[PDB]
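Here's a solo chain for you in structure tokens, the form deposited in one PDB entry.
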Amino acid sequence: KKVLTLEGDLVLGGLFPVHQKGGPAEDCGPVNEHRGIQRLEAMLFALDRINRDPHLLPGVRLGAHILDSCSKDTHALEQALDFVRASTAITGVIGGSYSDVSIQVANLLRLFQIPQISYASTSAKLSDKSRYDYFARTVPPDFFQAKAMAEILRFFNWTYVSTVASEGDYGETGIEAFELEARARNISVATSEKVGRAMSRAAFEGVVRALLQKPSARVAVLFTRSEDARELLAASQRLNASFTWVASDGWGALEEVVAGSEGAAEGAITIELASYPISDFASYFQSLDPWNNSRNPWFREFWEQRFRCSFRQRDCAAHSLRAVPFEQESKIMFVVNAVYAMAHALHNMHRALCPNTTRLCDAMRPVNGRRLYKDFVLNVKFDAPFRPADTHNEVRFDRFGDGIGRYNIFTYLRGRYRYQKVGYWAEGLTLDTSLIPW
């Protein structure tokens, strides 16, 4: 219903879960604030810096055609029909965020040779190039995440664990990979529970007692969506049930997962893909205003939900995102590098196909998608923009078009509670014991 359009010489398709998935009947629920709106603004911020970059396509302005997935694969696939209908013209696609939506969207995109780079889809399956030949990502596959989690249990001598998976490609294949890896380290799994898309608080108590039916297994491994980890922790709190949580990037270092069930979560070890905040995105997001951000068609709806106001009611104007603490979303960097990977690919494309000018020559009217994905997108290699220069971070894709298997490890501890970085994984597990009380 709402289209996000930016004019430009070339148009970059975008796909973001602006809204949450709806209730039993509605396809779209409330605005997904952090992983939705903020990740969308990250693509818009990147496109602005690129359009100001004199070293990166100074003669070709990049546009955007950003669609909302509503956190549901079938809705994203109904929306992704815009990207194919013409064949405005869509050069590539940034997104989606959730694996299921990327799989579904990739199967349609390959039929029209549309390149796609995801900034958050981690499911290992997307690494298979015979089925997903137009798919690249700035994120590593979950082969490497599940391997890393198996080493955490191997290190802390945890050999009788349990597993919790969100239904879908991410949770199932993620736990499946974890099965192989725990097996390979003498770790035996007591039981394996699966969480339905939209369970009730009664259903999660079912899962708690299901995990409890083996009291000896006090450790639980999770390949879960954040809502699921939060409802399961809430259910654990209500049922006065104490588990040792070992969780994937779904939970990550999200305050919203543990908020209200901080006691039930204390002791937990979580994983986030290795990222850093970008300060120029921070000041850009906090200076965003509903009367100046008309280019984002969902920014007013976010503003009404963020501040409990209405533009009809005239009570939105006194608020600012600067009064608020800015908790920059974890995968913001990966959105930023994914837009840059596509822009560099196209800069390299233009350099070779239009040597005589900075403008778009007939050799890129239209842009050959196959040549773009195979010869340029896959062969990008540049410094991550805005990177913490003290550490050398580089943007490229391996033989399977995946990002680098590097993860940060955290712990939820204690009045007051907080996630603390305790280690990392980058080919090997590396963590210091001095940062854990147990």
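For clarity, a rigid core is taken as the largest C-alpha set superposing within 1.5 Å between two forms. Numbering starts at 1 and follows the sequence shown.
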Please classify the unmodelled stretch of the deposited sequence between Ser87 and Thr88: none, 1 to 3, 4 to 9, or 10 or more residues.
10 or more
Chain break class for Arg414 to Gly415, judged by how many deposited residues have no coordinates:
1 to 3
Which of 18 to 26 and 425 to 433 has higher mean CA B factor, as the PDB entry lists it:
425 to 433
Going by the mean C-alpha B-factor recorded in the entry, which is higher: 115 to 123 or 179 to 187?
179 to 187
Listed options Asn107, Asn356, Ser99, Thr74: highest C-alpha B factor recorded at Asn356
Looking at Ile332, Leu232, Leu211, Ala259, which has the biggest Cα B factor in the entry?
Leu211
Once the chain's modelled residues are ordered by C-alpha B factor and cut into thirds, is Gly95 in the lowest, middle or highest one?
lowest
For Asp390, does the deposited CA B-factor place it in the lowest, middle or highest third of the chain?
highest
Compared with the other modelled residues in the chain, in which third is the CA B-factor of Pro215?
highest
Split the chain's modelled residues into thirds by Cα B-factor; is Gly171 in the lowest, middle or highest one?
middle
Ordered by C-alpha B-factor within the chain, which third holds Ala363? Give me lowest, middle or highest, please.
highest
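Just so it is clear, the following notes concern the form deposited in another entry, a form of the same protein that is not shown.
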Would you indicate which listed residue, out of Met364, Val189, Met199, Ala106, moves its Cα by 2 Å or more between the shown form and the other one relative to the superposed core?
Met199
Rigid core aligned, does the Cα position of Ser261 differ by 2 Å or more between the shown form and the other one?
yes
